[PDB]
Amino acid sequence: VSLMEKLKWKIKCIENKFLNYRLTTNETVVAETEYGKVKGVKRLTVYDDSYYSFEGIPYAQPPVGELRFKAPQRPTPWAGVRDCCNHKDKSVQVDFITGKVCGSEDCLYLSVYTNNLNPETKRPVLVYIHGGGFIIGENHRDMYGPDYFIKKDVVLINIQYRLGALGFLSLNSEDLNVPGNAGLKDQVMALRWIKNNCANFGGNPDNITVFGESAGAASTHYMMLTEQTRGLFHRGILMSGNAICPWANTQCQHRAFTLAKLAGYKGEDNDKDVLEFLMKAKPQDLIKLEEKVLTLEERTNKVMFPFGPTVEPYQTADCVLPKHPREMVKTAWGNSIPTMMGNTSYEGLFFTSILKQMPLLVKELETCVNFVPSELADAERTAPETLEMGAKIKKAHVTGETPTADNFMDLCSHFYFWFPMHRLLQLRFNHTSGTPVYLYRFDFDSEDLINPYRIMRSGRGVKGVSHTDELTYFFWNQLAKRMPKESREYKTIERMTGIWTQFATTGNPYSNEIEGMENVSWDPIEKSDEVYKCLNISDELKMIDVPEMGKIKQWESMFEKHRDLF
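If you're matching positions, the sequence shown starts at 130 in my numbering and goes up one per residue.
Structure (structure tokens):
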């Protein structure tokens with residue numbers, strides 16, 4: 130991020146300080162939880178709405194010392210009242226704007242929001258799991274403010290969970306009890322807290338919706354796959370992601386050793402000596418080195434993060450992922466709850482800045498071997514079969530005689546999002562009770578209202594709807610402003626939160642009370658459908674055939690000889 134955007138960010142952080150004080154009221158309230166009482170407070174919004182706010186509710190013991198890299202433990206209860214009028218630290222991470230390590234190991238908290246603590250009827254509960262590649266993110270309201278959602282009569286809960294190597298270190302040796310996925314286990318403990326405590330805030334424990342974007346969508350999907358969460362919630366929404374995405378998991382068991390070596394470890398490649406080393410290290414020191422762990426080959430093979438969700442090397446009581454995601458789909462309890470999935474209309478547009486900085490990436494489309502699904506390719510990417518499959522991908526996305534940045538970004542939309550969605554839909558149809566899945570396509574472009582990911586990506590002035598652009602219309606953030614009610618942006622906020630709230634309530638995203646839906650016939654996708662239908666969300670709401678269908682089928686064709694792997 131440039132100096133100019135850094136200095137502006139800093140000014141916005143100071144302004145958000147002052148705004149937050151002005152919107153804090155003196156109406157404190159006290160709620161009961163299974164571990165003790167919590168004090169929260171009424172806050173106002175810039176639209177002059179109000180909501181009750183509880184931040185910093187612990188759902189697990191701080192994972193420090195001997196608990197580092199381990200499954201979460203339940204928290205210590207308290208006899209008095211805990212002050213929850215203020216946020217806690219985020220998980221240790223690199224700050225996307227400053228580039229400095231920030232956060233704390235003491236990060237296992239959630240926040241609860243609602244416009245009415247004592248409603249006549251218990252309300253739908255929506256739980257947001259934030260994205261950020263499993264390496265950044267938070268539930269702070271300067272990024273994820275509930276100010277738009279609390280216009281609806283819902284309970285909204287935003288959770289945190291361990292990130293990076295501290296959340297996703299994995300070691301083969303069963304004796305060490307570091308199987309991996311600690312951060313996903315964090316999410317599990319949070320969802321258990323929510324089911325067992327949302328009643329205290331007017332929530333219906335029998336009508337919970339989990340949703341998330343990007344890594345939060347992969348997370349929502351993991352929470353729909355694992356037996357650990359069976360029946361804990363009742364709808365799911367996957368926004369630009371799922372667990373089949375190539376970036377959403379990784380067999381990272383050898384990278385603990387690699388990280389240790391980067392941090393100055395001398396010794397053998399041996400799980401116990403490496404763990405004992407990492408257990409001593411300053412948490413900041415490990416997180417700063419994480420961007421250096423992936424090898425050239427791994428990066429070439431499109432492995433996106435060194436640590437992340439993994440198939441656990443051995444089964445334990447708290448095992449979240451005992452098998453690969455595709456195998457887990459075959460028995461998943463979440464296949465049989467109402468589900469909504471969607472993507473934006475130009476997902477890969479996110480990588481505009483990366484392609485300007487490393488223009489030689491475009492030459493990857495000369496053969497496209499690096500984008501062949503890794504289960505079909507070779508690490509070398511030189512096998513004749515890999516070349517043949519790469520030629521198929523190239524036909525799908527290279528439009529002229531010279532591959533272009535636009536072509537690269539289009540390819541990325543499919544590699545990272547549309548193709549794994551198609552794979553998931555087809556696999557799920559074979560293993561479900563018949564509960565509906567609805568598709569949306571977010572296609573609303575504005576720069577009058579933005580969110581911090583646009584700064585992170587240097588995407589100001591870039592026309593089109595990138596990965597993360599829809600979040601602006603769901604959550605307040607410290608770059609936002611009050612929009613006029615007749616503005617296209619305000620209308621889109623009402624539409625997006627209205628649709629999500631409607632789906633959370635009934636399992637059907639359609640509502641006649643949502644402006645622009647008068648002629649919308651939004652049917653769920655059927656197994657028999659050759660072509661997916663979706664609600665395209667622009668200035669108008671229109672049911673259309675997914676424009677991406679043709680390319681989706683071309684990617685599918687790579688599995689013609691290997692249909693069991695599709």
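Where a beta carbon is used, it is the ideal one built from N, C-alpha and C, also for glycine.
Reduced DSSP secondary structure (H/G/I, E/B, other) of residue i
i, result
"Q357", "helix"
"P253", "strand"
"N536", "helix"
"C497", "coil"
"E509", "coil"
"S587", "coil"
"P334", "strand"
"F695", "coil"
"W138", "helix"
"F571", "strand"
"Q222", "strand"
"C381", "coil"
"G563", "coil"
"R172", "strand"
"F340", "strand"
"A525", "helix"
"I366", "strand"
"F603", "coil"
"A311", "helix"
"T243", "strand"
"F183", "strand"
"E426", "helix"
"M470", "strand"
"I288", "strand"
"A208", "coil"
Close Cβ partners of residue i (< 8 Å) along its chain, the five nearest in sequence each way excluded
i, result
"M353", "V339, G365, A461, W462, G463, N464, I466 and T468"
"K610", "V175 and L578"
"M687", "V501, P502, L505, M518, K521 and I522"
"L239", "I186, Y188, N268, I286, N287, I288, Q289, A319, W322 and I323"
"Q555", "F695"
"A328", "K251 and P334"
Residue i, buried or exposed, once every other Cβ within 10 Å from all chains shown has been counted against 16
i, result
"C663", "buried"
"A385", "buried"
"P549", "buried"
"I288", "buried"
"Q631", "buried"
"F434", "buried"
"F406", "buried"
"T445", "exposed"
"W138", "buried"
"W684", "buried"
"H691", "exposed"
"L600", "buried"
"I140", "exposed"
"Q382", "buried"
"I584", "buried"
"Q486", "exposed"
"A508", "exposed"
Beta-carbon contacts of residue i that lie in its chain and below 6 Å, excluding the five residues immediately before and after
i, result
"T157", "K168 and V170"
"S302", "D400"
"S562", "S465"
"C497", "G519, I522 and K523"
"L361", "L320 and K324"
"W207", "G165"
Residue i CB to nearest heavy atom of the ligand SAM below 7 Å
i, result
"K229", "For the ligand SAM, the structure offers nothing, since it holds no ligand at all."
Supposed close pair residue i, residue j - CB separation, criterion 8 Å
i, j, result
"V449", "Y290", "12 Å between Cβ atoms; not a contact."
"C231", "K217", "Not really, about 13 Å apart at Cβ, beyond 8 Å."
"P653", "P565", "3 Å"
"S587", "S482", "4 Å"
"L553", "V458", "7 Å"
Min CB distance residue i to chain B below 8 Å
i, result
"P532", "In summary, chain B is missing from the structure at hand, where a single protein chain is found."
Own chain partners of residue i with C-beta closer than 7 Å, once the 5 adjacent residues on each side are dropped
i, result
"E495", "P532"
"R617", "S575 and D668"
Item to complete: Would you check if there are 3 or more beta carbon pairs closer than 8 Å linking the segment 536-544 to the segment 469-479?
Response: yes
Worksheet item: Is there contact between the segment 305-314 and the segment 633-650, where contact requires at least three CB pairs shorter than 8 Å?
Response: no
Worksheet item: On the three-pair Cβ rule with 8 Å, is the segment 236-253 touching the segment 181-189?
Response: yes
Worksheet item: Given 8 Å as the limit, is there contact between the segment 184-193 and the segment 310-320, that is, 3 or more CB pairs closer than that?
Response: yes
Discussion item. Can you confirm whether the segment 326-346 touches the segment 252-264 when touching is taken to mean that 3 or more C-beta pairs between the two stretches lie within less than 8 Å?
Written reply: yes
Discussion item. For the structure I just gave you, are there three or more beta carbon pairs, one from the segment 558-574 and one from the segment 655-674, closer than 8 Å?
Written reply: yes
Worksheet item: Would you call the segment 670-685 and the segment 370-379 touching, i.e. three or more CB-CB distances under 8 Å?
Response: no
Discussion item. Closer than 8 Å is the cut-off here; do at least three beta carbon pairs connect the segment 423-433 with the segment 525-538?
Written reply: no
Fill in: Any 3 or more C-beta pairs closer than 8 Å across the segment 281-300 and the segment 262-272
yes
Item to complete: Could you tell me whether the segment 595-610 touches the segment 275-291, where touching means 3 or more Cβ pairs closer than 8 Å?
Response: yes
Practice prompt. Please determine if the segment 145-161 and the segment 222-238 are in contact, where contact requires at least 3 C-beta pairs separated by less than 8 Å.
Written response: no
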